[PDB]
There are 2 protein chains.
Amino acid sequence: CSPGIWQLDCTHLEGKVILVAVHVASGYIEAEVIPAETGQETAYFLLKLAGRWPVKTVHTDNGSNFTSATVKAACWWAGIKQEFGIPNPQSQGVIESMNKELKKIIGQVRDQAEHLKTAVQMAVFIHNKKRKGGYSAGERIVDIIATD
Amino acid sequence: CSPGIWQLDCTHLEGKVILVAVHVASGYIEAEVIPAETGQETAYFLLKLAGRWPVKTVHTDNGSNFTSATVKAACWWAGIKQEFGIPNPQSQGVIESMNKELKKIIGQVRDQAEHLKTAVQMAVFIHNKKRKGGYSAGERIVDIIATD
Ligand SMILES: Cc1ccc(-c2c([C@H](OC(C)(C)C)C(=O)O)c(C)nc3ccccc23)cc1C
Ligand SMILES: Cc1ccc(-c2c([C@H](OC(C)(C)C)C(=O)O)c(C)nc3ccccc23)cc1C
C-alpha cells in the first residue's frame, strides 16, 4: 500500500538485461535495458527513478544487487532506505504478476521492433495505460501520490 | 496549461548532449545525457517519456530535430501530435526559465560526481522536488494529471 515502495529486479532476455521497477501499490512500471547487471547501472537507474517519483523504500528478490559502493551511495544521496527481505497480504504476488504481464506484452510486440530495448519501452507504455469502471497503473500511481 | 504538453530541447556541455523535456504546465523535468543528437536517441527518449506520462503534444525550439523517420515513427506509435512552431501568455518563458534553473543546479553539484550524466540526474532530482505555501514541480505535475 505505502506510496513510496518500489521493487527492483533484473531479468534476462536475448542475452541482455532488463531492469524492472514496479511501484508496488499501483502496478506501474519503469523499465530499462542495461548492458550488464552492474552496481553502476543500478545506481544510475535508482538516481533517475528517485528524481521522478517519491521513492522511500526499495524491495528486491535479489538483495545482493544492492550491496555495491555505487548503489549504497545512490540510496544515501537520494534518502532511500532498504528493506531486509520482503515484509504484506494485500500485495501478495503483485510484483510477480506485473513482471509476468510485462514479459507477456514484450512477447506480443517484439517482432515490431529491431531492438529489444524498443520492444521493452513499448511494453512499458502498454502496461502502464492498460485499464483493468477500472483504472490503469498510470492512473493509479498518480491518484495514490496526489492523495499525499 | 494543457496537461499533455511537453517541450523537448537539447543542450551541450562538456562535449556531450543533454536532452531536456519540460512539462510546460508544471515545470517538471525529465532529462538524459545522450551520446549524440540523433533521431534514434530522440525517438527512444520519446517512447520512454510517453510510456510514463500522458504526452499529447511536443513543442521544441528546434523543429528540425523531429523530422527523422525514427522520430516520426515514435510519435505515430505513441499517438503524439506535433505543433508547428510554438502557439500562450501564461507559459511565456517558463521553458526557458526551467532550463536555466536546471543548468544552474547542474553547475552547483557537478563537482560531486565523476560523470556529467550523474550530475544531470542529481540536478533533475533537486529541480523536481524544489518548493517555490508553495509546491514543487513534482507535486504540481501529479495534481494536474490527477485532476484529469
Ligand atoms: C515505435 C517505434 C519507433 C521507431 C522504430 C524504429 C527503430 C527502433 O529503434 C529505435 C529508433 C526506437 C531506437 C527499433 O528498435 O526498431 C529503428 C532502429 N529504426 C527505425 C527506422 C525507421 C522507422 C522506425 C524505426 C520502431 C518502433 C517500433
Ligand atoms: C549520488 C551518487 C551516487 C554514486 C556515485 C558514484 C559514481 C557516479 O557514477 C554512477 C555510478 C552514478 C554512474 C559518478 O558519476 O560519480 C561513480 C562513477 N563511482 C562511485 C564509486 C563509489 C561510490 C559512488 C560512486 C556518485 C554520486 C554523486
Side-chain angles (χ1 to χ4, degrees), chain A residues 3 21 23 26 28-33 40-41 43-55 70 73-74 76-80 102 105-106 109 112-130 135-148, chain B residues 3 21 23 26 28-33 40-41 43-55 70 73-74 76-80 102 105-106 109 112-130 135-148:
Chain A
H23 181 256
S26 68
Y28 176 88
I29 291 177
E30 295 241 13
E32 298 257 19
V33 172
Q40 196 128 2
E41 295 289 358
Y44 186 70
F45 180 96
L46 278 165
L47 280 182
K48 283 198 297 191
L49 182 65
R52 286 148 185 71
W53 293 104
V55 178
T70 51
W76 163 84
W77 191 88
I80 298 175
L102 186 68
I105 300 155
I106 285 171
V109 305
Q112 284 120 61
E114 179 175 351
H115 308 298
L116 173 62
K117 64 173 168 170
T118 304
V120 170
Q121 301 309 334
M122 296 162 75
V124 174
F125 181 115
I126 292 161
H127 176 77
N128 284 341
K129 290 178 183 283
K130 184 172 277 182
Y135 291 109
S136 67
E139 290 165 344
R140 300 200 294 262
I141 185 165
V142 168
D143 185 35
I144 290 172
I145 303 300
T147 304
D148 271 348
Chain B
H23 181 256
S26 68
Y28 176 88
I29 291 177
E30 295 241 13
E32 298 257 19
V33 172
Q40 196 128 2
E41 295 289 358
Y44 186 70
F45 180 96
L46 278 165
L47 280 182
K48 283 198 297 191
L49 182 65
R52 286 148 185 71
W53 293 104
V55 178
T70 51
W76 163 84
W77 191 88
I80 298 175
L102 186 68
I105 300 155
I106 285 171
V109 305
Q112 284 120 61
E114 179 175 351
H115 308 298
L116 173 62
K117 64 173 168 170
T118 304
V120 170
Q121 301 309 334
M122 296 162 75
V124 174
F125 181 115
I126 292 161
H127 176 77
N128 284 341
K129 290 178 183 283
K130 184 172 277 182
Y135 291 109
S136 67
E139 290 165 344
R140 300 200 294 262
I141 185 165
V142 168
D143 185 35
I144 290 172
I145 303 300
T147 304
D148 271 348

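Below, each value reflects all heavy atoms present in this structure, side chains not excepted, and no hydrogens, waters or symmetry copies. Order of the sequence lines sets the chain letters (A, B, ...), proteins ahead of strands, with each chain counted from 1.
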### Query
Quick one: of B/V120, B/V124, B/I29, who has the most non-hydrogen atom pairs under 4.5 Å with chain A?
B/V124

### Task
Sort by residue number and list every member of residues 44-53 of chain A having a non-hydrogen atom under 4.5 Å from chain B.
A/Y44, A/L47, A/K48, A/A50, A/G51, A/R52, A/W53

## Note on the structure
When the 4.5 angstrom heavy-atom criterion is applied to A/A78 and chain B, the contacting part is both

### Contact winner vs chain B - A/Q121, A/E32, A/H127, heavy-atom pairs under 4.5 Å
A/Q121

### Contact origin within B/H115 toward chain A - heavy atom pairs under 4.5 Å
side chain

#### Entry: Residue-level contacts of residues 136-143 of chain B with chain A, using a heavy-atom cutoff under 4.5 Å
B/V142

